[PDB]
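Undergrad: As input, take start_3.pdb (PDB, C-alpha atoms and all ligand atoms):
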```pdb
MODEL        1
ATOM      1  CA  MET C   1      74.727 153.807 128.883  1.00  0.00           C
ATOM      2  CA  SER C   2      75.503 156.884 131.027  1.00  0.00           C
ATOM      3  CA  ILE C   3      72.939 159.705 130.933  1.00  0.00           C
ATOM      4  CA  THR C   4      69.945 157.662 129.764  1.00  0.00           C
ATOM      5  CA  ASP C   5      69.608 156.147 133.284  1.00  0.00           C
ATOM      6  CA  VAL C   6      70.804 159.081 135.455  1.00  0.00           C
ATOM      7  CA  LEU C   7      67.896 161.513 135.192  1.00  0.00           C
ATOM      8  CA  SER C   8      68.268 163.208 131.794  1.00  0.00           C
ATOM      9  CA  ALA C   9      65.978 160.638 130.092  1.00  0.00           C
ATOM     10  CA  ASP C  10      62.940 162.337 131.676  1.00  0.00           C
ATOM     11  CA  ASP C  11      64.314 165.810 130.941  1.00  0.00           C
ATOM     12  CA  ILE C  12      64.911 164.975 127.271  1.00  0.00           C
ATOM     13  CA  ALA C  13      61.409 163.445 127.070  1.00  0.00           C
ATOM     14  CA  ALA C  14      60.221 166.894 128.233  1.00  0.00           C
ATOM     15  CA  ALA C  15      62.648 168.802 125.904  1.00  0.00           C
ATOM     16  CA  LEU C  16      61.432 166.683 122.993  1.00  0.00           C
ATOM     17  CA  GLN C  17      57.849 167.883 123.492  1.00  0.00           C
ATOM     18  CA  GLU C  18      58.455 171.428 124.745  1.00  0.00           C
ATOM     19  CA  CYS C  19      60.700 172.103 121.714  1.00  0.00           C
ATOM     20  CA  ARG C  20      58.723 169.862 119.312  1.00  0.00           C
ATOM     21  CA  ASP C  21      58.186 172.606 116.764  1.00  0.00           C
ATOM     22  CA  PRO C  22      60.623 173.508 113.951  1.00  0.00           C
ATOM     23  CA  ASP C  23      63.102 176.329 114.702  1.00  0.00           C
ATOM     24  CA  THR C  24      62.091 176.597 118.427  1.00  0.00           C
ATOM     25  CA  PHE C  25      65.126 175.108 120.227  1.00  0.00           C
ATOM     26  CA  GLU C  26      66.352 177.849 122.605  1.00  0.00           C
ATOM     27  CA  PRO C  27      69.781 177.138 124.158  1.00  0.00           C
ATOM     28  CA  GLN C  28      69.330 178.322 127.783  1.00  0.00           C
ATOM     29  CA  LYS C  29      65.796 176.908 127.627  1.00  0.00           C
ATOM     30  CA  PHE C  30      67.190 173.544 126.473  1.00  0.00           C
ATOM     31  CA  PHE C  31      70.003 173.514 129.100  1.00  0.00           C
ATOM     32  CA  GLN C  32      67.357 174.087 131.806  1.00  0.00           C
ATOM     33  CA  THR C  33      64.696 171.767 130.413  1.00  0.00           C
ATOM     34  CA  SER C  34      67.306 169.018 129.755  1.00  0.00           C
ATOM     35  CA  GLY C  35      68.376 169.099 133.448  1.00  0.00           C
ATOM     36  CA  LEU C  36      71.963 169.921 132.397  1.00  0.00           C
ATOM     37  CA  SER C  37      71.759 173.288 134.237  1.00  0.00           C
ATOM     38  CA  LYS C  38      70.549 171.327 137.307  1.00  0.00           C
ATOM     39  CA  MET C  39      73.445 168.849 137.073  1.00  0.00           C
ATOM     40  CA  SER C  40      76.729 169.747 138.800  1.00  0.00           C
ATOM     41  CA  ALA C  41      79.827 170.839 136.813  1.00  0.00           C
ATOM     42  CA  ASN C  42      81.265 167.335 137.378  1.00  0.00           C
ATOM     43  CA  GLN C  43      78.297 165.588 135.725  1.00  0.00           C
ATOM     44  CA  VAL C  44      78.117 168.273 133.012  1.00  0.00           C
ATOM     45  CA  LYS C  45      81.794 167.610 132.187  1.00  0.00           C
ATOM     46  CA  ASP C  46      81.244 163.808 132.218  1.00  0.00           C
ATOM     47  CA  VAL C  47      78.315 164.134 129.794  1.00  0.00           C
ATOM     48  CA  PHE C  48      80.535 166.304 127.526  1.00  0.00           C
ATOM     49  CA  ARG C  49      83.077 163.440 127.472  1.00  0.00           C
ATOM     50  CA  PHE C  50      80.245 161.232 126.179  1.00  0.00           C
ATOM     51  CA  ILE C  51      79.294 163.996 123.671  1.00  0.00           C
ATOM     52  CA  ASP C  52      82.799 164.494 122.119  1.00  0.00           C
ATOM     53  CA  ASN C  53      83.010 160.923 120.743  1.00  0.00           C
ATOM     54  CA  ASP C  54      85.958 162.038 118.592  1.00  0.00           C
ATOM     55  CA  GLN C  55      87.760 163.177 121.822  1.00  0.00           C
ATOM     56  CA  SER C  56      89.427 165.905 119.697  1.00  0.00           C
ATOM     57  CA  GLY C  57      89.065 168.565 122.454  1.00  0.00           C
ATOM     58  CA  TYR C  58      86.483 170.823 120.745  1.00  0.00           C
ATOM     59  CA  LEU C  59      82.772 170.291 119.978  1.00  0.00           C
ATOM     60  CA  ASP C  60      83.056 171.395 116.340  1.00  0.00           C
ATOM     61  CA  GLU C  61      79.737 172.026 114.465  1.00  0.00           C
ATOM     62  CA  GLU C  62      79.894 168.874 112.340  1.00  0.00           C
ATOM     63  CA  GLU C  63      80.436 166.803 115.518  1.00  0.00           C
ATOM     64  CA  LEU C  64      77.572 168.746 117.164  1.00  0.00           C
ATOM     65  CA  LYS C  65      75.545 167.352 114.197  1.00  0.00           C
ATOM     66  CA  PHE C  66      75.357 164.205 116.447  1.00  0.00           C
ATOM     67  CA  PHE C  67      75.255 165.902 119.910  1.00  0.00           C
ATOM     68  CA  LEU C  68      71.866 164.571 121.146  1.00  0.00           C
ATOM     69  CA  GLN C  69      71.966 161.589 118.678  1.00  0.00           C
ATOM     70  CA  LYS C  70      73.839 159.891 121.574  1.00  0.00           C
ATOM     71  CA  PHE C  71      70.767 160.315 123.856  1.00  0.00           C
ATOM     72  CA  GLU C  72      67.915 159.894 121.315  1.00  0.00           C
ATOM     73  CA  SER C  73      68.151 158.407 117.784  1.00  0.00           C
ATOM     74  CA  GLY C  74      65.740 160.959 116.263  1.00  0.00           C
ATOM     75  CA  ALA C  75      66.935 164.099 118.030  1.00  0.00           C
ATOM     76  CA  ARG C  76      67.031 167.586 116.485  1.00  0.00           C
ATOM     77  CA  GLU C  77      70.716 167.668 115.475  1.00  0.00           C
ATOM     78  CA  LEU C  78      69.930 167.245 111.763  1.00  0.00           C
ATOM     79  CA  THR C  79      68.188 170.685 111.803  1.00  0.00           C
ATOM     80  CA  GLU C  80      71.107 173.079 111.377  1.00  0.00           C
ATOM     81  CA  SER C  81      68.980 176.013 112.665  1.00  0.00           C
ATOM     82  CA  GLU C  82      68.272 174.343 116.035  1.00  0.00           C
ATOM     83  CA  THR C  83      71.863 173.056 116.159  1.00  0.00           C
ATOM     84  CA  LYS C  84      73.123 176.612 115.446  1.00  0.00           C
ATOM     85  CA  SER C  85      70.786 178.056 118.115  1.00  0.00           C
ATOM     86  CA  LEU C  86      72.596 175.706 120.534  1.00  0.00           C
ATOM     87  CA  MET C  87      76.012 176.588 119.005  1.00  0.00           C
ATOM     88  CA  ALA C  88      75.244 180.346 119.049  1.00  0.00           C
ATOM     89  CA  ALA C  89      74.806 180.587 122.828  1.00  0.00           C
ATOM     90  CA  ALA C  90      77.265 177.783 123.678  1.00  0.00           C
ATOM     91  CA  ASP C  91      80.012 179.625 121.780  1.00  0.00           C
ATOM     92  CA  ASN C  92      80.906 182.355 124.306  1.00  0.00           C
ATOM     93  CA  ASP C  93      83.592 183.602 121.821  1.00  0.00           C
ATOM     94  CA  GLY C  94      82.098 184.240 118.412  1.00  0.00           C
ATOM     95  CA  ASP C  95      84.333 181.586 116.750  1.00  0.00           C
ATOM     96  CA  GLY C  96      82.023 178.514 116.693  1.00  0.00           C
ATOM     97  CA  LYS C  97      84.501 175.890 117.905  1.00  0.00           C
ATOM     98  CA  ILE C  98      83.035 175.228 121.392  1.00  0.00           C
ATOM     99  CA  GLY C  99      85.332 174.044 124.204  1.00  0.00           C
ATOM    100  CA  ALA C 100      84.127 171.895 127.126  1.00  0.00           C
ATOM    101  CA  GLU C 101      84.780 175.017 129.229  1.00  0.00           C
ATOM    102  CA  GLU C 102      82.459 177.108 127.004  1.00  0.00           C
ATOM    103  CA  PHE C 103      79.763 174.431 127.288  1.00  0.00           C
ATOM    104  CA  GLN C 104      80.260 174.162 131.100  1.00  0.00           C
ATOM    105  CA  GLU C 105      79.806 177.971 131.328  1.00  0.00           C
ATOM    106  CA  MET C 106      76.598 177.948 129.281  1.00  0.00           C
ATOM    107  CA  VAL C 107      75.214 174.885 131.079  1.00  0.00           C
ATOM    108  CA  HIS C 108      76.307 176.242 134.510  1.00  0.00           C
ATOM    109  CA  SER C 109      74.030 179.244 133.899  1.00  0.00           C
TER     110      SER C 109
HETATM  111 CA    CA C 201      85.527 166.843 119.138  1.00  0.00          CA
HETATM  112 CA    CA C 202      84.272 179.044 121.086  1.00  0.00          CA
ENDMDL
END
```
Please rewrite the model in this file as structure tokens.

TA:
Amino acid sequence: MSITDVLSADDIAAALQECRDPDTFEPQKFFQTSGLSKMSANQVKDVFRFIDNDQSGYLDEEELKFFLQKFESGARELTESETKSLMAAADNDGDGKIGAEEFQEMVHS
């Protein structure tokens, strides 16, 4: 009850199909196709608040294991490869613990 009736529902319906295939889930591609890169920083930050359920102040990999599970039930998150493709670009450090800032950067692109 946040993103699912803003816009993103349509974008994820696209994302779902455009990255249907196993090991295809490009990060920048996803951020565009998901509308996140169209959303303003404000909205992008809000959605991140809904992402980090744990509120721990980092989007750690094993939390990222349920990133899009909050939007769809049967999202890609289970596939570590696709998850790690997201992680890989999101993590503008080379550490793997992704801050909201890091995500805002990658999405803002
Ligand atoms: Ca967290
Ligand atoms: Ca990082």

Undergrad: Smallest atom-to-atom distance to ligand CA 202 (chain C): which of C:73, C:60, C:18, C:85, using all atoms listed in the file?

TA: C:60

Undergrad: Can you work out which residues are within 9 Å of ligand CA 202 (chain C), considering only C-alpha atoms and all ligand atoms, and then hand them over as a list in words?

TA: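 Every residue with an atom at most 9 Å from ligand CA 202 (chain C) is listed here: residues 58, 59, 87, 90, 91, 92, 93, 94, 95, 96, 97, 98, 99, 102 and 103 of chain C.
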
Undergrad: Could you give me the residues within 7 Å of ligand CA 201 (chain C), counting all atoms listed in the file, as a PyMOL selection string?

TA: chain C and resi 52-60+63

Undergrad: Take the PyMOL selection byres (((chain C and resi 86) around 12) and not hetatm), run it mentally on this structure, and tell me the resulting residues as a VMD selection string.

TA: chain C and resid 23 to 31 59 61 64 to 65 67 to 68 76 to 77 79 to 85 87 to 92 96 98 102 to 103 106 to 107

Undergrad: Would you kindly return, as a list in words, each protein, DNA or RNA residue with an atom no farther than 12 Å from any atom of residue 3 of chain C, considering all atoms listed in the file and excluding same-chain residues fewer than 2 positions away?

TA: residues 1, 5, 6, 7, 8, 9, 10, 11, 12, 34, 35, 36, 39, 43, 44, 45, 46, 47, 48, 49, 50, 51, 68, 70, 71 and 72 of chain C

Undergrad: Which residue is closest to residue 78 of chain C? Choose from C:22, C:108, C:4, C:13 and count only C-alpha atoms.

TA: C:22

Undergrad: Pick from C:38, C:19, C:2, C:75: nearest to residue 104 of chain C, with only C-alpha atoms counted?

TA: C:38

Undergrad: In terms of the shortest atom-to-atom distance over all atoms listed in the file, which of C:100, C:69, C:16, C:74 is closest to residue 42 of chain C?

TA: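 Closest candidate: C:100.
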
Undergrad: Complete the atom set of segment 48-64 of chain C to N, CA, C and O atoms and return it as a compact mmCIF listing (two decimals), keeping the file's coordinate frame.

TA:
```txt
# COMPACT_ATOMS: atom_id res chain seq x y z
N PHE C 48 79.73 165.81 128.64
CA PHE C 48 80.54 166.30 127.53
C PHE C 48 81.54 165.27 127.02
O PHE C 48 81.72 165.15 125.81
N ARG C 49 82.19 164.52 127.91
CA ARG C 49 83.08 163.44 127.47
C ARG C 49 82.30 162.45 126.60
O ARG C 49 82.81 162.00 125.57
N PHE C 50 81.07 162.11 126.99
CA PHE C 50 80.24 161.23 126.18
C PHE C 50 79.82 161.92 124.88
O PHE C 50 79.67 161.24 123.87
N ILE C 51 79.61 163.24 124.88
CA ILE C 51 79.29 164.00 123.67
C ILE C 51 80.46 163.94 122.68
O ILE C 51 80.25 163.48 121.55
N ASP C 52 81.66 164.43 123.05
CA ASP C 52 82.80 164.49 122.12
C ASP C 52 83.38 163.10 121.88
O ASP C 52 84.48 162.78 122.34
N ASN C 53 82.64 162.27 121.16
CA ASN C 53 83.01 160.92 120.74
C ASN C 53 84.43 160.90 120.19
O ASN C 53 85.24 160.05 120.55
N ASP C 54 84.71 161.85 119.31
CA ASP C 54 85.96 162.04 118.59
C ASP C 54 87.12 162.37 119.54
O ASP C 54 88.27 162.27 119.13
N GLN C 55 86.82 162.83 120.76
CA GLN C 55 87.76 163.18 121.82
C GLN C 55 88.75 164.29 121.43
O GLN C 55 89.71 164.54 122.14
N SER C 56 88.49 164.97 120.31
CA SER C 56 89.43 165.90 119.70
C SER C 56 89.64 167.20 120.50
O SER C 56 90.54 167.96 120.18
N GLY C 57 88.83 167.45 121.54
CA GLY C 57 89.06 168.56 122.45
C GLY C 57 88.46 169.87 121.94
O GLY C 57 88.99 170.95 122.17
N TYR C 58 87.32 169.75 121.27
CA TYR C 58 86.48 170.82 120.74
C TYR C 58 85.21 170.14 120.28
O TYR C 58 85.28 168.99 119.84
N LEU C 59 84.06 170.79 120.45
CA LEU C 59 82.77 170.29 119.98
C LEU C 59 82.42 171.06 118.71
O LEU C 59 81.52 171.90 118.69
N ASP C 60 83.19 170.80 117.66
CA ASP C 60 83.06 171.40 116.34
C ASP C 60 81.65 171.15 115.77
O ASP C 60 81.05 170.10 116.03
N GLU C 61 81.10 172.09 114.99
CA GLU C 61 79.74 172.03 114.46
C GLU C 61 79.38 170.65 113.91
O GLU C 61 78.34 170.08 114.24
N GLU C 62 80.22 170.11 113.03
CA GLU C 62 79.89 168.87 112.34
C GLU C 62 79.91 167.67 113.29
O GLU C 62 79.27 166.66 113.01
N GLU C 63 80.58 167.78 114.45
CA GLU C 63 80.44 166.80 115.52
C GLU C 63 79.12 167.05 116.26
O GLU C 63 78.38 166.13 116.57
N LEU C 64 78.84 168.32 116.57
CA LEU C 64 77.57 168.75 117.16
C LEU C 64 76.38 168.24 116.34
O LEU C 64 75.33 167.93 116.91
```
